[PDB]
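Visitor: If you scroll down you'll find the structure; I have some questions about it.
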Amino acid sequence: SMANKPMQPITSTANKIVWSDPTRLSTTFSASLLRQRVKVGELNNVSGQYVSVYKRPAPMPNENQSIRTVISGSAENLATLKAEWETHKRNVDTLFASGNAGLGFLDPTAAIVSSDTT
Amino acid sequence: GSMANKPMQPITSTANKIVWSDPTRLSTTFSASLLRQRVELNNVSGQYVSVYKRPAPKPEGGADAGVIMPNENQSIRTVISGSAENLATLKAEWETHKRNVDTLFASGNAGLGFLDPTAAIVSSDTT
């Protein structure tokens with residue numbers, strides 16, 4: 001079946017790029033990065049802000065469906081921050097992708113997991 | 001190696017917010033906070049936050065010397081906002097967002113603080 005439509009960078013700065021669908025210009029994904037020295041008791045924190053926007057017809061006006069993720073941790077521990085992102089997705093999936101959290105309701109019995117293993 | 005991710009237990013609860021933590025490492029938390037609102041659509045904003053206290057790397061010769069390093073805070077927050085009416089497409093947007101973040105962060109260099117302007121970013125729409 002079909003490939004996903006490619007998006008093109010429309011604004012491009014060292015620290016922030018905005019991609020949009022050239023045939024649906026309201027569809028956007030942007031990435032903005034902030035690197036900062038932090039003393040922990042000497043690391044370089046990177047805070048990455050990732051934002052997806054889609055304009056969706058109400059079943060007439062469009063609503064803004066938006067997803068904003070911020071990932072924040074030292075570059076030095078980027079290996080484990082990757083594992084944190086994996087587990088974050090998995091835990092979000094549990095509630096929203098295959099649960100009812102997108103309807104506004106939490107499942108108290110959801111199997112939420114750490115990045116650590118037994 | 002192990003695929004047995006440690007289970008986390010709800011420690012605080014409200015109708016709109018649960019915090020889960022690892023009972024063997026209580027500083028590891030995952031929280032889900034949801035707000036539903038009539039606005040005619042029923043908007044839902046869900047905020048999902050992951051926290052780990054991660055030892056900074058030991059310097060050269062640190063293991064030998066028995067150094068225990070202080071922890072940093074590794075945090076990931078996602079906020080998903082859209083009407084319950086279009087939840088199905090909102091789920092498709094979540095799959096796509098994960099994909100686009102993976103391109104830059106999971107297998108790119110965005111976690112080092114640098115963007116690849118040639119990265120293959122895609123819409124949830126198909127051709």
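Labels used: A, B, ... for chains in the order of the structure tokens, numbers from 1 for residues in each chain, and numbers from 1 for ligands as shown.
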Using only C-alpha atoms, find the residues of chain B whose closest atom to chain A is at most 7 Å away, then write them as a ChimeraX atom specification.

Guide: /B:2-8,22,34-36,44,48,50,70-82,84,87,90-91,97,101,106,111-113,121-127

Visitor: Given the selection you just returned, output its residues as a file containing C-alpha atoms, formatted as a PDB file, in the first residue's frame.

Guide:
ATOM      1  CA  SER B   2      16.342  -9.127  29.326  1.00  0.00           C
ATOM      2  CA  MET B   3      13.027  -7.886  27.809  1.00  0.00           C
ATOM      3  CA  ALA B   4      11.308  -8.070  31.229  1.00  0.00           C
ATOM      4  CA  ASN B   5      10.535  -4.420  31.819  1.00  0.00           C
ATOM      5  CA  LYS B   6       9.759  -3.740  35.461  1.00  0.00           C
ATOM      6  CA  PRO B   7       6.098  -3.112  36.269  1.00  0.00           C
ATOM      7  CA  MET B   8       5.144   0.251  37.799  1.00  0.00           C
ATOM      8  CA  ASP B  22       8.619   1.660  40.086  1.00  0.00           C
ATOM      9  CA  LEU B  34      -6.333  13.996  31.090  1.00  0.00           C
ATOM     10  CA  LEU B  35      -8.774  16.891  30.563  1.00  0.00           C
ATOM     11  CA  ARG B  36     -12.007  16.525  28.587  1.00  0.00           C
ATOM     12  CA  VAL B  44      -9.373  15.907  25.088  1.00  0.00           C
ATOM     13  CA  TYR B  48       1.992  11.972  29.608  1.00  0.00           C
ATOM     14  CA  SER B  50       8.182  10.033  32.068  1.00  0.00           C
ATOM     15  CA  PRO B  70      24.862  12.300  41.333  1.00  0.00           C
ATOM     16  CA  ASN B  71      21.716  11.915  39.164  1.00  0.00           C
ATOM     17  CA  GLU B  72      20.361  13.974  36.361  1.00  0.00           C
ATOM     18  CA  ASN B  73      16.733  14.187  35.535  1.00  0.00           C
ATOM     19  CA  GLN B  74      15.790  12.495  32.222  1.00  0.00           C
ATOM     20  CA  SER B  75      12.279  13.790  31.363  1.00  0.00           C
ATOM     21  CA  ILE B  76       9.931  13.123  28.481  1.00  0.00           C
ATOM     22  CA  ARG B  77       6.575  14.861  28.174  1.00  0.00           C
ATOM     23  CA  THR B  78       3.959  14.302  25.443  1.00  0.00           C
ATOM     24  CA  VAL B  79       0.742  16.220  25.207  1.00  0.00           C
ATOM     25  CA  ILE B  80      -1.915  14.961  22.819  1.00  0.00           C
ATOM     26  CA  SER B  81      -4.796  17.391  22.078  1.00  0.00           C
ATOM     27  CA  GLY B  82      -7.794  16.593  19.784  1.00  0.00           C
ATOM     28  CA  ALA B  84     -12.795  12.515  20.850  1.00  0.00           C
ATOM     29  CA  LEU B  87      -9.859  10.016  17.796  1.00  0.00           C
ATOM     30  CA  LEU B  90      -5.617  11.375  16.100  1.00  0.00           C
ATOM     31  CA  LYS B  91      -4.209   7.848  16.683  1.00  0.00           C
ATOM     32  CA  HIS B  97       4.607  11.707  15.193  1.00  0.00           C
ATOM     33  CA  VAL B 101      10.566  11.910  16.239  1.00  0.00           C
ATOM     34  CA  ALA B 106      16.041   7.661  17.805  1.00  0.00           C
ATOM     35  CA  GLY B 111      19.626  14.101  21.070  1.00  0.00           C
ATOM     36  CA  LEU B 112      23.154  15.555  20.654  1.00  0.00           C
ATOM     37  CA  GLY B 113      21.492  18.946  19.904  1.00  0.00           C
ATOM     38  CA  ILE B 121       9.790  13.561   7.552  1.00  0.00           C
ATOM     39  CA  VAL B 122       6.314  12.425   6.508  1.00  0.00           C
ATOM     40  CA  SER B 123       2.622  13.169   6.943  1.00  0.00           C
ATOM     41  CA  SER B 124       0.098  10.651   8.198  1.00  0.00           C
ATOM     42  CA  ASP B 125      -1.611  11.122   4.802  1.00  0.00           C
ATOM     43  CA  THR B 126      -0.680   8.723   2.065  1.00  0.00           C
ATOM     44  CA  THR B 127      -0.018   9.313  -1.627  1.00  0.00           C
TER      45      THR B 127
END

Visitor: DSSP on the backbone, then: every residue of stretch 43-104 of chain B marked strand (DSSP E), written as a list in words.

Guide: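 Here is the list: residues 43, 44, 45, 46, 47, 48, 49, 50, 51, 52, 53, 54, 55, 71, 72, 73, 74, 75, 76, 77, 78, 79, 80, 81, 82 and 83 of chain B.
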
Visitor: What would the file look like if the residues just selected were written as a compact mmCIF listing (two decimals), in the first residue's frame with C-alpha atoms?

Guide:
# COMPACT_ATOMS: atom_id res chain seq x y z
CA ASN B 43 -11.76 18.12 23.21
CA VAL B 44 -9.37 15.91 25.09
CA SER B 45 -5.91 17.00 26.16
CA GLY B 46 -3.77 14.24 27.63
CA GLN B 47 -0.38 14.92 29.21
CA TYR B 48 1.99 11.97 29.61
CA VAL B 49 5.26 12.48 31.57
CA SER B 50 8.18 10.03 32.07
CA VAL B 51 10.90 10.70 34.67
CA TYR B 52 14.15 8.88 35.41
CA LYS B 53 16.96 9.84 37.74
CA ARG B 54 20.01 8.81 35.85
CA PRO B 55 23.58 8.75 37.24
CA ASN B 71 21.72 11.92 39.16
CA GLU B 72 20.36 13.97 36.36
CA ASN B 73 16.73 14.19 35.53
CA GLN B 74 15.79 12.49 32.22
CA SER B 75 12.28 13.79 31.36
CA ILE B 76 9.93 13.12 28.48
CA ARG B 77 6.58 14.86 28.17
CA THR B 78 3.96 14.30 25.44
CA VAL B 79 0.74 16.22 25.21
CA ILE B 80 -1.92 14.96 22.82
CA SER B 81 -4.80 17.39 22.08
CA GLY B 82 -7.79 16.59 19.78
CA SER B 83 -11.57 15.97 19.83

Visitor: Can you measure atom CA of residue B:37 to atom CA of residue B:94 for me? One decimal in Å is fine.

Guide: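 For atom CA of residue B:37 relative to atom CA of residue B:94, the distance reads 20.3 Å.
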
Visitor: Report as a list in words all protein, DNA and RNA residues lying within 8 Å of residue B:104, evaluated on only C-alpha atoms, omitting residues in the same chain fewer than 4 positions from it.

Guide: residues 100, 108, 109, 110, 115, 116 and 119 of chain B

Visitor: Go ahead and write the selection's residues with N, CA, C and O atoms as a PDB file, in the first residue's frame.

Guide:
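The resulting file, part.pdb, is shown below:
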ATOM      1  N   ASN B 100       8.334  10.365  13.134  1.00  0.00           N
ATOM      2  CA  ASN B 100       9.090  11.530  12.764  1.00  0.00           C
ATOM      3  C   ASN B 100      10.085  11.871  13.895  1.00  0.00           C
ATOM      4  O   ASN B 100      11.198  12.253  13.635  1.00  0.00           O
ATOM      5  N   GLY B 108      18.632   9.670  14.546  1.00  0.00           N
ATOM      6  CA  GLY B 108      19.418  10.847  14.163  1.00  0.00           C
ATOM      7  C   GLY B 108      20.208  11.393  15.348  1.00  0.00           C
ATOM      8  O   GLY B 108      20.414  10.694  16.374  1.00  0.00           O
ATOM      9  N   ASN B 109      20.665  12.649  15.189  1.00  0.00           N
ATOM     10  CA  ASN B 109      21.512  13.313  16.136  1.00  0.00           C
ATOM     11  C   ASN B 109      20.842  14.405  16.927  1.00  0.00           C
ATOM     12  O   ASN B 109      21.527  15.195  17.558  1.00  0.00           O
ATOM     13  N   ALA B 110      19.501  14.425  16.984  1.00  0.00           N
ATOM     14  CA  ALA B 110      18.807  15.514  17.653  1.00  0.00           C
ATOM     15  C   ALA B 110      19.030  15.431  19.168  1.00  0.00           C
ATOM     16  O   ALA B 110      19.136  16.465  19.830  1.00  0.00           O
ATOM     17  N   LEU B 115      20.233  19.177  14.274  1.00  0.00           N
ATOM     18  CA  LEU B 115      19.198  18.818  13.310  1.00  0.00           C
ATOM     19  C   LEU B 115      19.808  18.400  11.937  1.00  0.00           C
ATOM     20  O   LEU B 115      20.811  18.983  11.411  1.00  0.00           O
ATOM     21  N   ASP B 116      19.210  17.382  11.351  1.00  0.00           N
ATOM     22  CA  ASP B 116      19.525  16.998   9.979  1.00  0.00           C
ATOM     23  C   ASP B 116      18.430  17.539   9.048  1.00  0.00           C
ATOM     24  O   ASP B 116      17.310  17.022   9.021  1.00  0.00           O
ATOM     25  N   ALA B 119      16.488  15.065   6.751  1.00  0.00           N
ATOM     26  CA  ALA B 119      15.704  14.007   7.355  1.00  0.00           C
ATOM     27  C   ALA B 119      14.366  13.793   6.614  1.00  0.00           C
ATOM     28  O   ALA B 119      13.698  14.757   6.207  1.00  0.00           O
TER      29      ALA B 119
END
